[PDB]
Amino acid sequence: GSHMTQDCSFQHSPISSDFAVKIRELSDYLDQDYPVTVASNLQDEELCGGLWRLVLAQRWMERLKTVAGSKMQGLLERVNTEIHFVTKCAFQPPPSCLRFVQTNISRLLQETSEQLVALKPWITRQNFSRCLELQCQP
């Protein structure tokens, strides 16, 4: 269920063993290299920073479902399912300090896979309420 009023923590792992294969499959079969963004000045925390990058990536995945054709929906949703859990927490709006770089979906997917590798052993073990506010580097 949702975690919108309570602590941002997970009793069952939302990240499956085969996230890397799912992400590599979408990246290999994409029909075009859609223009997206990544944050450029997030505070360099491994765990919170992974969640922050997944919050942003998850929004891109939903956006792409609205512009990619039929044939991409299953591949896109497979990646969405590995990262959709962040929507269950009350992440707050990004701060005005946040900066971005425009890049391509392939780079975003690579970054996403890297965050899941970092988060997977931790995801069900921690209270991540401390991460709901995105932070920038000075």
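Just count from 1 along the sequence shown to find any residue number.
Averaged over their C-alpha atoms, the temperature factors of 128-136 and 3-11 are higher for 3-11. When 81-89 is weighed against 27-35, 27-35 comes out higher, by mean CA B-factor as recorded in the entry.
Among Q58, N104, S113, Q73, the highest C-alpha B-factor in the deposited entry belongs to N104. The entry lists a Cα temperature factor for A118 that places it in the middle third of the chain's modelled residues.
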